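All of this is worked out from the model, or read from it or from the source named; no laboratory read-out is quoted. Don't worry about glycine lacking a Cβ; one is built from the backbone with ideal geometry, like all the others, and counts go over all protein chains shown.
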Amino acid sequence: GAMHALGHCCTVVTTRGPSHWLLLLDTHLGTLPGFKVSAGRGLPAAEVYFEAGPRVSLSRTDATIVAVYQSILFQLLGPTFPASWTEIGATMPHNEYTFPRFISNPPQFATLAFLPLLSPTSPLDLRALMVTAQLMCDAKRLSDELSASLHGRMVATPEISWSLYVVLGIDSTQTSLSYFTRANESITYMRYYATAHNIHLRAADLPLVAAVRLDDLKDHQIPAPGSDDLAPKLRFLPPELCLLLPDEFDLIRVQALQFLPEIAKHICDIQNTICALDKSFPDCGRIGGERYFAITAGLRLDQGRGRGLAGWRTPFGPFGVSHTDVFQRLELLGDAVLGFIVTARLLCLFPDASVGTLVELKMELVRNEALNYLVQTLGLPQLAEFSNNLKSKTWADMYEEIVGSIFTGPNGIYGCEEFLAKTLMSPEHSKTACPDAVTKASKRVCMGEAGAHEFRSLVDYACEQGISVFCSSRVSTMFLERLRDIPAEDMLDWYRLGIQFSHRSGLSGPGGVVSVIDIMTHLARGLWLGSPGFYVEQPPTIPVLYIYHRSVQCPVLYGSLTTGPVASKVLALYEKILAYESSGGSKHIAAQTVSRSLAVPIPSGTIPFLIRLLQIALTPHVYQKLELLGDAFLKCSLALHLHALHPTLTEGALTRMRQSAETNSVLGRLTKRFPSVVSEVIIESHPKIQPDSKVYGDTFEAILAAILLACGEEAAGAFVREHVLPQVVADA
Ligand SMILES: [Mn+2]
Ligand SMILES: [Mn+2]
Ligand SMILES: [Mn+2]
Ligand SMILES: [Mn+2]
Ligand SMILES: [Mn+2]
Ligand SMILES: [Mn+2]
Ligand SMILES: [Mn+2]
Ligand SMILES: [Mn+2]
Ligand SMILES: [Mn+2]
Ligand SMILES: [Mn+2]
Ligand SMILES: [Mn+2]
Ligand SMILES: [Mn+2]
């Protein structure tokens, strides 16, 4: 293009070596997922690796010198390919796309050009191109112009479809006047070319060229001066037909060039997939190539059929990871964080619930049965394609894998929170005329004119009409009683927070629907996202605020500490837990010694709160819920750390791995490595207990939660990598 041109260091790799090219796109496609092409239509199997580079600028004059090189390439490609890279992709048979069923005609198509590179680092040379165009211009026939200096050189027959051949030497045994036979018939080459092609050979008296067609020499090695290793495919052709290609166009280039059409198809495929499925597949915030590979990993559940996933090419992620392997490890991780977020939020949504029922409720929301239904309402089954010769996989797994994708993508844990809040609660989860006095309240709620009793009326109504806004009948029922326990002066703020979130999520306008179902839903999402803390049973309220430690904030929903309608509640609880009169005996000392033994940098002035929780973690009947949360986080943090440390490992390995460092005996050991003052306090609280007890293990889990709650997600995850990760036992 003009200046609008982005570089990529495209590399085609065959059995015989690597070939380097500079791809130029006029479109931001981020990084392009490499792919590998199957054993070919006259070409060998190969692998194509990309990597983004400079943002190269081109003057009009230079851009047209590129255009020249292009046409040199198109000519070598032969008359079978339209002389435009766009037209090559934009006429692919549908069965060559990654999604033949969703071929969506993009408004734009990309505009690409290819240029040679001597190495993946050498700069773009424009003067070089012009020389190559000059040498091609000058390049003469074999008649004008030894059979050891021609060995391995590229030659094309421009009078006959511009086919490409590799010269093995000159066979003086025969001449265009010589004969060759096809069973029952013997003709002279000179007569053949006249009979078939309407070519009347001039220099007929010259010795034929012993060459082999590029189509035929699939991956085979070229022979020496001719000791001729594989000769049932050898061909002899008149020297006046062979146009000798310049030294730049060696065997390596010319073959790699046969794959450039696939790279054009790939970029084309990427673009289609995006503007066909980008709006129907939960948003991870990726763009271009990576968004493609995400949708591919996410919906192409099986592997290709012989030839490949998309046509003859099968895309792979970083470190040569199968798109299936990706889905496999993103499901594992996604499953692990869904557990974390659901734990942390249920913990606050039902502050009074026991660890017993929190666990029960989680499994009601994460259960296959439920996720399976959630995936149906997303309409993924319709888009997912597989050959059912792929057994143990479930619809429900798509949900987990998505959460994984969203998490590991640019949107972060914020994306996951958003995706869960859109999907676990939704008006689509109940059934439905309604009384008079109820429509009046609903109307008043929507235009902000609503107050205390209007909500009461609406709750009490839904509370008896059995309205379920969660994808669980138990959770929905339990949500309704949590609502009765919430001060009606508060409900207007929760609702606003819910509708606010619904708006930014793109699933509503600023106004609600004016139904008790929609109102019931918004109340839910508010309270899901924003409930401030949970109670530790018999002792104040522990505030959940690890979100405000996030290095990227979201004032629209959560606000800031210095103070909204939610932030204020959280802050309130925070100030009350500090002011708690510290009866600091030996526990308070253990808290302090733990406070400094974290071997990990914590945020500033966060200590006094950490001590308070570390105390709770170290008291006997109270750690229960902190343990629950710590357990949850540890799985998810460890899953992450391993996911990163082992880019090529799949479901089985990564599971067996983190399970080995998550066991109660293992965590217990780590608790004993703290100053003996800590072990002392544990044995002091629990009379006559033994080194193999469950309690050491669980207090570690409890401590991890204390760190998470008081210092935030990155401090807690640091503490995991520094202390828990080194205990993971290799599968070898
Ligand atoms: Mn079409
Ligand atoms: Mn003729
Ligand atoms: Mn990954
Ligand atoms: Mn409760
Ligand atoms: Mn599985
Ligand atoms: Mn699963
Ligand atoms: Mn009650
Ligand atoms: Mn809007
Ligand atoms: Mn555990
Ligand atoms: Mn690995
Ligand atoms: Mn005990
Ligand atoms: Mn435990």
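Conditions first: (1) out of contact with any helix residue (DSSP H, G or I) (no Cβ under 9 Å at 6 or more places or on another chain); (2) away from ligand 6 (no atom under 16 Å from the Cβ); (3) not polar (S, T, N, Q). Residue 656 passes all but one, so which condition is the exception? Among (1) out of contact with any helix residue (DSSP H, G or I) (no Cβ under 9 Å at 6 or more places or on another chain); (2) away from ligand 6 (no atom under 16 Å from the Cβ); (3) not polar (S, T, N, Q), residue 656 violates only (2).
Looking across the range 530-557, the residues that are among the β-branched types (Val, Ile, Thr) and either in contact with a strand residue (DSSP E or B) (Cβ under 9 Å, 6 or more places away or on another chain) or surrounded by 21 or more Cβ atoms within 10 Å (Cβ to Cβ) (or both) come down to 536, 541, 542, 544. Would you check if residue 81 is of a type in the set (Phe, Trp, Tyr), assigned to a loop (DSSP other than H, G, I, E, B) and under 19 Å from residue 50 (Cβ atoms)? Judged against the criteria, residue 81 is not a match.
Of all the listed residues (483, 420, 497), the sole one being within 16 Å of ligand 6 (Cβ to nearest atom), surrounded by 15 or more Cβ atoms within 10 Å (Cβ to Cβ) and farther than 13 Å from residue 517 by Cα is 420. Within the range 44-59, residues that are within 21 Å of residue 266 (Cβ to Cβ) sit with their Cβ atoms under 7 Å from residues that are acidic (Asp, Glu), at 6+ positions apart or across chains, in these pairs: 44/219. If the condition is being surrounded by fewer than 21 Cβ atoms within 10 Å (Cβ to Cβ) and either touching a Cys at 6+ places or on another chain (Cβ under 6 Å) or more than 23 Å from residue 145 (Cβ to Cβ) (or both), then the range 204-220 contributes 215, 216, 218, 219, 220.
For the range 99-121, the condition holds for at least one residue, the condition being that it is assigned by CATH to the domain that holds residue 63, in contact with a strand residue (DSSP E or B) (Cβ under 8 Å, 6 or more places away or on another chain) and among the hydroxyl-bearing types (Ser, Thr, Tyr). Checking each residue in the range 652-708 for being under 36 Å from the mean Cα position of the chain (by Cα), in a helix (DSSP H, G or I) and among the hydroxyl-bearing types (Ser, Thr, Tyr) picks out 655, 665, 699.
Any residue in the range 84-106 that is assigned to a loop (DSSP other than H, G, I, E, B) and touching a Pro at 6+ places or on another chain (Cβ under 8 Å)? Within the range 84-106 (the criterion being assigned to a loop (DSSP other than H, G, I, E, B) and touching a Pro at 6+ places or on another chain (Cβ under 8 Å)), the answer is yes, since at least one residue qualifies.
The residues of the range 390-414 that are within 22 Å of residue 713 (Cα to Cα) and not in a helix (DSSP H, G or I), listed by number, are 409, 410, 411. Only one of the numbered conditions (1) within 35 Å of the chain's Cα centre (by Cα); (2) away from ligand 1 (no atom under 16 Å from the Cβ) is not met by residue 127, and that is (1).
Could you check, for the range 634-644, whether at least one of its residues is exposed (fewer than 15 other Cβ atoms within 10 Å of the Cβ), over 27 Å from residue 347 (Cα atoms) and within 27 Å of the chain's Cα centre (by Cα)? Taking every residue of the range 634-644 in turn, at least one turns out to be exposed (fewer than 15 other Cβ atoms within 10 Å of the Cβ), over 27 Å from residue 347 (Cα atoms) and within 27 Å of the chain's Cα centre (by Cα). One residue alone among 276, 297 is surrounded by fewer than 22 Cβ atoms within 10 Å (Cβ to Cβ), assigned to a helix (DSSP H, G or I) and within 20 Å of the chain's Cα centre (by Cα), and that residue is 276.
Within the option set 595, 582, 560, 568, being surrounded by fewer than 15 Cβ atoms within 10 Å (Cβ to Cβ) and assigned by CATH to the domain that holds residue 671 holds for one residue only, 582. Residues in the range 459-507 that are of a type outside the set (D, E, K, R), under 33 Å from the mean Cα position of the chain (by Cα) and more than 15 Å from residue 430 (Cα to Cα): 10 in all. For the range 512-534, state whether one or more residues are farther than 29 Å from residue 606 by Cα, away from ligand 9 (no atom under 16 Å from the Cβ), in a loop (DSSP other than H, G, I, E, B) and in contact with a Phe, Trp or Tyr (Cβ under 9 Å, 6 or more places away or on another chain). Taking every residue of the range 512-534 in turn, at least one turns out to be farther than 29 Å from residue 606 by Cα, away from ligand 9 (no atom under 16 Å from the Cβ), in a loop (DSSP other than H, G, I, E, B) and in contact with a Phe, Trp or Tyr (Cβ under 9 Å, 6 or more places away or on another chain). Residue 542 meets the conditions (1) closer than 26 Å to residue 454 by Cβ; (2) of a type in the set (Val, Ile, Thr); (3) not in a loop (DSSP other than H, G, I, E, B) in every case but one. The failed one is (1).
Under the condition of being in contact with a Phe, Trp or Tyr (Cβ under 7 Å, 6 or more places away or on another chain) and assigned to a loop (DSSP other than H, G, I, E, B), which residue from the range 141-191 is surrounded by the fewest Cβ atoms within 10 Å (Cβ to Cβ)? Selected residue: 178. For the range 193-215, enumerate the residues that are in contact with a strand residue (DSSP E or B) (Cβ under 8 Å, 6 or more places away or on another chain) and not polar (S, T, N, Q). Correct list: 204, 205, 206, 207, 208, 209, 210, 211, 212, 213, 214, 215.
Criterion applied to 48, 56, 12, 66 was being buried (at least 17 other Cβ atoms within 10 Å of the Cβ) and under 17 Å from residue 126 (Cβ atoms), and the one residue passing it is 66. The residues of the range 645-678 that are within 14 Å of residue 594 (Cβ to Cβ) and crowded, with 17+ Cβ neighbours inside 10 Å, listed by number, are 670, 671, 674, 678. Taking the criterion of being assigned to a helix (DSSP H, G or I), of a type outside the set (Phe, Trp, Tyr) and within 15 Å of ligand 4 (Cβ to nearest atom), the residues of the range 454-489 that qualify are 474, 475, 476, 477, 478, 480, 481, 482, 483, 484.
Against the definition (surrounded by 15 or more Cβ atoms within 10 Å (Cβ to Cβ), part of a helix (DSSP H, G or I) and out of contact with any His (no Cβ under 8 Å at 6 or more places or on another chain)), how does residue 628 come out, yes or no? In short, yes.
Of the set (1) in the same structural domain as residue 213 (by CATH); (2) among the small types (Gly, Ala, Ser); (3) at negative phi, all apply to residue 133 but (1).
Every residue, every condition in (1) within 12 Å of ligand 9 (Cβ to nearest atom); (2) hydrophobic (A, V, I, L, M, F, W, C); (3) assigned by CATH to the domain that holds residue 334, yes or no:
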position	(1), (2), (3)
619	no, no, no
635	yes, no, no
638	yes, yes, no
651	no, no, no
680	no, no, no
683	no, yes, no
703	no, yes, no
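Quickly run through the range 376-389 and pick out the residues that are assigned to a loop (DSSP other than H, G, I, E, B) and over 17 Å from the mean Cα position of the chain (by Cα). The answer is 379, 386, 387, 388, 389.
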